[PDB]
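Asker: Quick one: the structure is below, questions incoming.
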Amino acid sequence: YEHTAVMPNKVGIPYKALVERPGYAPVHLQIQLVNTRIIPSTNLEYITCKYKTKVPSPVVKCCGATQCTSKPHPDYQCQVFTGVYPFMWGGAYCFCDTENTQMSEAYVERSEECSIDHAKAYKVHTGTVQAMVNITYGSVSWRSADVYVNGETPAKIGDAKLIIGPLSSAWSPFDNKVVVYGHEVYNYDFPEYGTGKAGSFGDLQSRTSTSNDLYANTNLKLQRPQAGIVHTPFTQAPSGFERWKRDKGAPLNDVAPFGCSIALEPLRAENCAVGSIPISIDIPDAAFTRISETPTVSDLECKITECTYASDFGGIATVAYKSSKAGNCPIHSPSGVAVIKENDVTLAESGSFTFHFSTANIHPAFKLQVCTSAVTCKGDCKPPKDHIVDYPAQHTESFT
Amino acid sequence: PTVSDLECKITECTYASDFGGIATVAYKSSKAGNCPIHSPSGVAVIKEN
């Protein structure tokens, strides 16, 4: 009567199920968990990415105490070096003949590559989550409502009233703190902004793009510019945009107990083939077409016309229908066991009518609930040789 | 899918392997359509494709 389904996510080739009803004709669902998306309430904690030591010009004090005055960008590396007297054409600027100093100074500033192609941390909370889901319904055979994933607000679009969620499209495998580097979202904790994570994620930590301030524990180490040369060499640990895609933590575009893949995101959940959104529909008696205002199919028999073995649509099977009433006649197989493209089958008494479907097996022995009548549409399913369709129509290859 | 019932009897035949022998067949089938035929021994050689 009210076909709940926490059936595997599908997004690539919709899956189908059947509301059995004996008072009224059974009515189809196409439960398309196409968006398993998230709407976190979040906070940009820090961009990370490979640095650029766009050095401030060294505040060289050569004697009379060394003074290095700081300029914008917290975490300011400055190191005196002696035994080098500064030349640039043969020149000098140092102001002792008892000290030959070259004082190298370097701060971290965001790379220009940080602007475009970069890692991005987040403090991720559940927030005001939502997902949209198709239910084909009645004999209208389409309605795709979008409601909050937490139940909360039902919405009746077409015949069915459709409730999406609770939470199963409101969380990805994110932790509270996550760093993201590419497609791959990395469940990488840190104790808020203001912390140092050199040689990992948060080596650079800018809270603004095209930075003028950041926190850069990048393991920045100045070395001696030997032979009276004036330059600043920067020795620095690799970043969250120099690797961590094979020095990976938990690479979410390659792992997920949410059964999804993830991109460079404040956390959304792309392309889920399992991760089941628990779907709940409130379908009144009205939402069905009634038993005697539809056929009640009696004397039916099913045989293939030609099924296709593959969890993609194309399998067909005539059913030599014959009933005791006439009308419209919704059809569907019980669950994703056979996923039927035809939400509705036309029915005339003593005729024969092919419907469309998809199977996860070579024998199409799925019941089809033809307006208060099951029938096994057994026969022969000739595969399309080789299935390259991205996901199974069934929803997880649920067998007929 | 499977050819379900049928019975055959002459409508005057040949005593010869010349093609001229005919026989009506009260055919019936799981689904109506075409049905290629030939004797499965080839003792009757059938001109009907």
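Following Swiss-Prot, chain A shows residues 802-1201, kept in their order.
Backbone N, Cα and C define each Cβ position, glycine as well.
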Asker: Which candidate, A:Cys895, A:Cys897, A:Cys915, A:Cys1182, does Swiss-Prot give as the disulfide partner of A:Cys1108?
Answerer: A:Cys1182
Asker: Let me make sure I read this right: Swiss-Prot says A:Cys869 forms a disulphide bond with another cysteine. Which one, out of A:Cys850, A:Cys863, A:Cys879?
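Answerer: Of the candidates A:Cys850, A:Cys863, A:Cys879, the one Swiss-Prot pairs with A:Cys869 is A:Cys879.
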Asker: Looking at the disulfide-bonded residues A:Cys850, A:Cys864, A:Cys915, A:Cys1061, whose Cα is closest in space to that of A:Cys895 (disulfide bond)?
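Answerer: Nearest by Cα distance to A:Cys895 (disulfide bond): A:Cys864.
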Asker: According to DSSP, folded down to helix, strand and coil, what is A:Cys1061 (disulfide bond)?
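Answerer: Where A:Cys1061 (disulfide bond) sits, the three-state DSSP reduction gives coil.
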Asker: Minimum Cβ neighbour count within 10 Å among the disulfide-bonded residues A:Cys895, A:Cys897, A:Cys915: which residue?
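Answerer: Taking A:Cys895, A:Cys897, A:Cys915 as the disulfide-bonded residues, the minimal 10 Å Cβ count falls on A:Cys897.
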Asker: Say we define neighbours as other CB atoms within 10 Å of the CB. Which of the disulfide-bonded residues A:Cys864, A:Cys1172 has the fewest?
Answerer: A:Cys864
